[PDB]
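Student: Build me a structure from this.
(chains A, B, C, D, E, F and G, ligands or ions: 1)
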Amino acid sequence: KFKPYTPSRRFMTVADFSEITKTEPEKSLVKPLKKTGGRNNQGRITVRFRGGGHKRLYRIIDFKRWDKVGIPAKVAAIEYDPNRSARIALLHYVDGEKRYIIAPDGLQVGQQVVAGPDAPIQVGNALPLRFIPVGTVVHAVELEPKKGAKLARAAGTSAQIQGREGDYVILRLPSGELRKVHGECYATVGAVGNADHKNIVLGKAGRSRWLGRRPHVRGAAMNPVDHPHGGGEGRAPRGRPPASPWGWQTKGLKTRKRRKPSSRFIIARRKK
Amino acid sequence: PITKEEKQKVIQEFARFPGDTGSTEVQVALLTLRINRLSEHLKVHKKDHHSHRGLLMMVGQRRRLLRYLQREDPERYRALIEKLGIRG
RNA sequence: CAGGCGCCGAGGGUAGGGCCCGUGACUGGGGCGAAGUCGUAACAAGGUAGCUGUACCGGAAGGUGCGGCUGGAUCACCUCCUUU
RNA sequence: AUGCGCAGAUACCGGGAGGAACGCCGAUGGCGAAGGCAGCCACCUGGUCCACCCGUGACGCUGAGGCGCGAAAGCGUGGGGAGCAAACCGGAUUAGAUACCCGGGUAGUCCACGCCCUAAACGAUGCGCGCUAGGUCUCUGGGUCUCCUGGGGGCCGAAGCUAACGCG
RNA sequence: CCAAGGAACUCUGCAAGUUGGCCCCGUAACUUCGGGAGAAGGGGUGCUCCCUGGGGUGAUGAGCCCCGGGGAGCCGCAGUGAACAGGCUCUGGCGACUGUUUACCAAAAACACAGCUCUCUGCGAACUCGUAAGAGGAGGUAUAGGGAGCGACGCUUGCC
RNA sequence: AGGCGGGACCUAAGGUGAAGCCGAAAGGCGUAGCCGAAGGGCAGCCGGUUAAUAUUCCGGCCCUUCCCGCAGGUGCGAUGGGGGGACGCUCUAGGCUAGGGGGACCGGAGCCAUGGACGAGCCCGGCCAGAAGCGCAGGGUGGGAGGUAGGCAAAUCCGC
RNA sequence: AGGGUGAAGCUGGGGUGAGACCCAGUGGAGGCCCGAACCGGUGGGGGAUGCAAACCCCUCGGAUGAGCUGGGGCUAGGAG
Ligand SMILES: NC[C@@H]1O[C@H](O[C@H]2[C@@H](O)[C@H](O[C@@H]3[C@@H](O)[C@H](N)C[C@H](N)[C@H]3O[C@H]3O[C@H](CN)[C@@H](O)[C@H](O)[C@H]3N)O[C@@H]2CO)[C@H](N)[C@@H](O)[C@@H]1O
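Tutor: Numbers count the residues shown, from 1 in each chain, chains lettered A, B, ... in the order given. Okay, here it is:
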């Protein structure tokens, strides 16, 4: 029920460089799931470019485990949703009920794993940080206990356990930074399920992108009647500005944001 | 792995006469068997070019001996072919 | 018998390809005619020794890293040739 | 110089993480078509040395062509970068310094699967057999193991070979 | 409808005519070996009688659709017989190619774009509307959600 | 026009809105319940009759629920839990009328006008609806028992 | 409406160790290619108080996709 990434159509005219992926569980989801409105327009004013749609399923997923902190679960199997950067495992809880959950590193259908008060540090179970075997990996992870799985490292194979101090453990998050969460808080054990996805290649843009749902963006689009920047000519403007009365693209946003100093440091950057 | 016992047992099934403690028959039985479980291994592995190689030489050897097999007599030989399976 | 009927194809035309020939501003280029305007690797540890395959950078010879081949000087270690 | 430190480093102590490598032992030593291959453990495997003389019965030596194989560099996607590090940036230089030196830091260096075959690819010396003093050392298999014998490595080394080394 | 000539008309072959139905012969430089090929250039078909094979339908025998195949031959200038129906080749600048628009000239560049890079934000993200409220954003959660100049891909992006 | 349609029912987007959050005011936002669809669901068809309407009328044939009863039968008894109706796109085997089409095949009113042919000649038609009973196709799965540490708060129903 | 194209998977036959990979049959995917209904509307032409407050003709592009379309809705006018 894993999934092929690479399959690429071939020379079926410019449908060139189209990357397929196929989770093998292929089953159509199950019983627990509604749908999302057609947002893009919202609070009934309209906003943010692109946006279009394309077919309609729509998710409900588990984001909180302490709610059975124990009932082993066995991979119902693999599958996913018209959302999320890295598929899911519909899991079965030994008590009858099941739940759509993450999809850490390639686990295995039928596999038992669970979590709570002491779970075996086997990628799959989840645990209050504290049970953090420092130097290990998780994601999903949530600071401010109860505030549900906060930091759903999307396909975000990224929760790197980095030491502890006080009632907070240190973590290396996607981004390339290290924040802190009080141990009692929690983490889904292990890592994500998708990345190659991230590399996926798609053919005739219009076709693909739109299918994605998203349409466009078109800067200093000539007639700068608005389009912040210049136009009514070839030449790329100067000032150094962006759409809807913008600050270019090299300035802050944070602030006192009591948030900030409160934890984390590394400051915002990487260097591949 | 290399199961000496069963080994001898087949050196036997083959060596028409119980006094073939080294004969074309056996070169055959042996190089064959070996060649086979060996190769199968090769598969679930993919990279040991050194030994692949040897195996190579080996298979050669065997086949060639058979070459002669035919040279003097391929009759009894084709029987062998038969018994075994290889070259079909 | 004459002619009629039949392909036959010398021949020429229209189209297309192939081998080679010549051939074109500009152009990468190749070889040389004592007396030149620059630096100078290499041979003396040629002064970071060199040489090389590779990669990359530079007025230029070339330098730099990966790896290696000695057709690499001086003491310090041992085996082995002779010998007052 | 430099760049880094009293917003305390450089040294000392404890703890954390990870990548790479693999000391003494280990050798002038070993295994491999070659390339080249090492901390130990285990899985599967191949070459290959000795002795009973037991088996077969010369089936064997050669290899144009092809077929698989492999330095390091570099490419392809997907991991990963502790350190080292062309490129780049400095600092030191001379008259010049793009390089030799010191201070930095990418790609790469590393793993998987794919791809390049590349060469002072070397012993610059194709392979296969048998004939011609000895001397020495060293590893390894058999023995009446002051040694002998089969095999394997460096060394000295008559004859002899070469234009000369030097092969032996 | 034309002939004689066949673009010299003409800023432009604008137009219009050529040409076009399927089956067989055959098919160039280049190439992301998908293709440019309906390249291109030939030849075919109508209807008769004759020998010869096939997939239908209760085996299968007035029951039908596929080509058969081939042979001799029939009548016109004429045989997709009328109506549906490619003119073509060479070559250069742009742009990739699918596209949307400019409702009212402006088939088409521009804008899309896939895909490049910078760069912004720690989620009660950052912006976008809002008098709070609030939604949006995203039940998404930095391979993710925004600001952007470019715009397959190939080589390549140096000096302050 | 009980049986066609729409309401006498369902609901999404979506509007309303008891609560609640919110504005100088007028309002902004809004769960719940409601309103709100040729999207859901539901019980009839064909032949005949008017200047004129029809599966609404007439007639033949086939049902629909709700009320009163009686007759037989049961832990019956919410709409709250559940299961359940429920769903791309491309394509596509197998099986039935529609619906094409030749029957000289049977019924029929006629004809050769014209050289001819009265001869498997023309011309017209050769059905449509039918409880279910039944015979083609398939079209939509599990019996238990128990544990039945979830239940999907409350219990044998689902799920482990 | 209709027609051609002819990938991926697979099945078998072919070559090593197995394998690459090949060939063939199956297949019959989106691009699409050809071309109506559908949707756009240059290229030329035909009206100037014209059938018309944007038309008719000959013609032409897409002709499964960012496609076209009926019904039901929300954003609106210094806002969309
Ligand atoms: N062509 C040979 C290649 O290029 C060079 O040779 C060339 C070059 O060196 C050399 O040129 C040399 C210079 O140097 C030197 N420094 C001054 C001298 N006057 C000049 O001479 C040159 O010009 C002369 C004018 N009166 C002529 O007579 C002469 O033929 C010509 N070589 O002559 C060659 C020209 O042909 C390399 N030296 C050589 O190594 C390589 O193989």
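Student: burial of the residue of the stretch 151-272 of chain A found nearest RNA strand F, as a residue count?
Tutor: Using CB to the nearest atom of the strand, the closest approach of the stretch 151-272 of chain A to RNA strand F is made by residue A:211 at 11.4 Å. Yep, even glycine has a C-beta here, placed from its N, CA and C like the rest. Residue A:211 has 14 neighbours, counted by other CB atoms under 10 Å in any protein chain shown.
Student: you'd agree it is up against residue A:82?
Tutor: No. Contact criterion CB atoms under 8 Å: residue A:211 and residue A:82 do not qualify, at 11.8 Å.
Student: So what's the residue count around residue A:247?
Tutor: Residue A:247: 11 neighbours (other CB under 10 Å).
Student: That one: what's its closest spatial neighbour, skipping adjacent residues?
Tutor: Spatial nearest neighbour of residue A:247, excluding adjacent residues (CB to CB, 6 or more residues apart in numbering or on different chains): residue A:241 at 7.6 Å.
Student: tell me the contacts of the one you found?
Tutor: Applying CB atoms under 8 Å, 6 or more residues apart in numbering or on different chains to residue A:241 gives the contacts A:228, A:229, A:247, A:248.
Student: In strands only, show me the residues you listed.
Tutor: Among these, DSSP state E puts none in strands.
Student: Check the residues you listed for burial and list the buried ones.
Tutor: Using 16 or more other CB atoms under 10 Å in any protein chain shown as the burial test, the contacts of residue A:241 include A:228, A:229 as buried.
Student: near RNA strand D, from the contacts of residue A:241?
Tutor: For RNA strand D, no contacts are drawn from these by CB under 7 Å from any atom of the strand.
Student: from what I can see residue A:249 touches residue A:229, true?
Tutor: No. Counting by CB under 8 Å, residue A:249 does not reach residue A:229; the two are 12.0 Å apart.
Student: residues bridging contact with those two, i.e. touching both?
Tutor: Contact with both residue A:249 and residue A:229 is made by residues residue A:242, according to CB under 8 Å, 6+ apart.
Student: Near RNA strand F, which residues of chain A? Just list them.
Tutor: Near RNA strand F, when you scan chain A using CB under 7 Å from any atom of the strand, you find A:31, A:37-38, A:43-44, A:55, A:70-71, A:92, A:94-98.
Student: What of chain B?
Tutor: Within chain B, no position is near RNA strand F by CB under 7 Å from any atom of the strand.
Student: Measure how buried residue 61 is and give me the count.
Tutor: In the absence of a named chain, this looks at chain A. By the other CB under 10 Å criterion, the neighbourhood of residue A:61 contains 17 residues.
Student: You answered for a different chain; I wanted chain B.
Tutor: Other residues near residue B:61 come to 13 when the count uses other CB under 10 Å.
Student: I'm done for today, thanks for sticking with me.
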